[PDB]
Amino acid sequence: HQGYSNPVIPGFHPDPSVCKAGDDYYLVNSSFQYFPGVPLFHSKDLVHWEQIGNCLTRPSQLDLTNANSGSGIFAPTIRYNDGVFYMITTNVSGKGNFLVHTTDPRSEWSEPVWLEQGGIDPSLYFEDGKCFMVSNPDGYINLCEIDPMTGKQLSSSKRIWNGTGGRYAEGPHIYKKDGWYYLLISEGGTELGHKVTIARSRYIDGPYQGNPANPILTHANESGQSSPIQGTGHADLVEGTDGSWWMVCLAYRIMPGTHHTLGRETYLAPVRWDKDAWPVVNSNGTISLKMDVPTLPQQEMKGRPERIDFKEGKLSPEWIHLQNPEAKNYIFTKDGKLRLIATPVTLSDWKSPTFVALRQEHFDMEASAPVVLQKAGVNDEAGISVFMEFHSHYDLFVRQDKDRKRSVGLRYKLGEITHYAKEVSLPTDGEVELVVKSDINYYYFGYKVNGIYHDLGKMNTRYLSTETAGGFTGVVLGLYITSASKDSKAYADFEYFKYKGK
């Protein structure tokens, strides 16, 4: 009933949108180049969230050809109306705006319903048996009516607002309260200038008048400059079960030199919203890591296991691939290991490698996995990659050398640099466990064989940040295999994946 920590969903979980279905809450994030797309969460208290799945789970729903950290799936919105869940988003690597729907969030969602109105950050609002769509073509918030089942546009598009004057007006959502249509948007861009602004009108099609107190949430001003959280924005308003008001929003945690590697994460703020009043977010339009505020009655949810095993023969919803995966290269063995089949595709090829990953969700963490490389030709490799983008990733691996010898290598890919930090000869018997640790300053790398851990050294975190590497995503930790030899049938088995955050 009192207090929680932010972020409520750590690591790469940007552009949160939430809906209330009775006493249940469901939340979606943008996923960019990753498959499956649009992670889908469930909560009873807005604080604790369980990933129950992903909205885009089949190739027919999600074409990621040539997608990267700056393309693919952008901000999604989730809405619940009359027993139907709708998820509306943009695929910028494909045909643009669309939605999918379902009556059961845990089931397979529909095929895409492609939409006419352009721009990005589409969102839906329902009233009087009608479905209204907003998005942001040419920087203007546009409104139209749609049939959400057929995707047919039923009214002409109208420009309803263009924000307070701040840059990159996006994330529009309409709500109705106290006889006003409230239009909430993001301005300022998704870096340090991020802010949430709100306008209202007696008519859904305007004219909209801005809140004199805008912005309603931002760390861009003097009041936020010292905060370890920056870039607060892309909010979605939601009602508590007790009639209180809340918002989910994105933000990030800054690192030295103004860097962030954990992506934009999902944050929660309380909102005061009196009858006939404008909303005020957490008193002064800021949020904190420790939120000492009343909450809905709290219920803990299932999280990521400290040791993930593959005995069940199914990866949980948390696991993500680069672009559209070659599904036959990920298999589960008789003794319950993850088996990854090699292809020649490296992690720098801008195509889908045999690569599957979990988001890094803590500054201080340790992750590890045993690696059993088999049927390998010379220079075939398998291991763990600390991955931001095809041009920005640190790779720790077991490599097949000549004469049945093997080694552990550590390779840093940064633009035109491909730097071999270490190449260490292995003992011919002994299962190798590869180990990646981190703190806010460095990744540390090592390996364990025959009960002895060996340090392979460290590398700065800043080179994998969004500020350095570009794009819209966060660091992921991936298991991978790449062949580089004539006619290779190499594969590698991974018995578990350990992840523990401090």
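Note that residue numbering follows the sequence shown and begins at 1.
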- [ ] Going by the average Cα B-factor in the PDB entry, point out whether 429-437 or 37-45 comes out higher.
- [x] 429-437
Open item on the list: On mean Cα temperature factor in this entry, is 258-266 or 334-342 the higher one?
Closed with: 334-342
Open item on the list: Just the C-alpha B-factor column, please: which of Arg253, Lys328, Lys290, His321 has the biggest number?
Closed with: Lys328
Open item on the list: In terms of recorded Cα temperature factor, pick the maximum from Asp205, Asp276, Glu116, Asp236.
Closed with: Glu116
Task: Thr218 - Cα temperature factor, lowest/middle/highest third of chain - done: lowest
Task: Modelled-residue ranking by C-alpha temperature factor, third containing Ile9 - done: lowest
TODO: Ordered by C-alpha B-factor within the chain, which third holds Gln360? Give me lowest, middle or highest, please.
DONE: lowest
TODO: Please place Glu170 in the lowest, middle or highest third of its chain by C-alpha B factor as given in the entry.
DONE: lowest
Task: Record-listed C-alpha B factor of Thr482: chain third - done: middle
